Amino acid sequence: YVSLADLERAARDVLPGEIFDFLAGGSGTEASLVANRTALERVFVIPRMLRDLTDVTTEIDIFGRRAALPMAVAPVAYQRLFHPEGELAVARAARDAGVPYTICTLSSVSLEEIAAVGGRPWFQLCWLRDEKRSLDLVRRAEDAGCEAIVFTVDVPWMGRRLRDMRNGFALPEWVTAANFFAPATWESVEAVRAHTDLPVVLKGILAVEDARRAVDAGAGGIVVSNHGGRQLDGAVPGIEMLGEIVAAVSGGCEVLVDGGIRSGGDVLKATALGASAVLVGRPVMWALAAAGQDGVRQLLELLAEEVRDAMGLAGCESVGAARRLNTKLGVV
């Protein structure tokens, strides 16, 4: 594979149609899904030349750990839908690549099993029925060695995925929520923050004042995100809010972004707009569906090469230098 798009076509061949649709789809008319790509494609980088590139490194420090790339695997529920080894295959490849892996509340393998793979994983939280049960998941994750709590804050309930409705899609018998909901509020965030010493990362922030409030609330990071266009149809892409949010936060927390990152060049664009790091969702599942653990390994090796390539061509010996790049909006 020489691009991430090679993997999508590979995954479309192997996966049952309704499972491919569950993976690919968005809510409503899929306007926000498409806009995630359109918005990235409008961004152009202004590269710098003639800088010292003797020691180009793509590494970052985030949430107390060195990562090999400014990237983590996004939370994607029920990964056994895509391959029999599910989350274990993905976590093993992420570990080997030096990339953080986000364990889901709705993982199809238990969080303790996935954490035992190693690789200093993160844990994504869905707010439950009950403050007490929510906090027990958090404590489980922490006890198992997870290093950050990625609190999903854009799912008071799940969006209307019309492909799934039309397909009559439901979980197969053989896929379960192996770790086993009410709308989260700022009170929920405070309950989590008080219950753990781990950094709390709020995933799904788009409004500038919600980013500011996240810092005020003691968040260690946010993910600027419209949930891959799967939640509010018509929600602005995260990439379009990122610059404004980075300015408003003024270094008070890590600012990640996701939605449609499909190459090292896209990672460079996100960094140039001010992101600390990106999450990548669907492409990791394409790789998993296509070729299991080895597929995810190949994807991460490709992304690593593309990120190094893009950084050097843009005159950046470090991710910090890439954040100081300027950009220009074009038309496509």
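Numbering starts at 1 and follows the sequence shown.
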Length class of the unmodelled deposited segment, which would lie between residue 180 and residue 181: 10 or more
Taking the deposited Cα B-factors and averaging over 79-87 and over 207-215, the higher mean is found in 79-87
Given the B-factors recorded for C-alpha atoms, which segment has the greater mean, 320-328 or 20-28? 20-28
Residue of maximum C-alpha B factor among 258, 244, 154, 131, per deposited coordinates: 131
Scanning 36, 58, 298, 271 for peak Cα temperature factor in the entry gives 298
Cα B factor band for residue 287 (lowest, middle or highest third within the chain): middle
B-factor third for the C-alpha atom of residue 266 within its chain: lowest
Is residue 92 in the lowest, middle or highest third of its chain when residues are ranked by C-alpha B-factor? middle
Split into thirds by Cα B-factor across the chain's modelled residues, where does residue 51 land: lowest, middle or highest? middle
Residue 236: CA B-factor among chain residues, third -> lowest
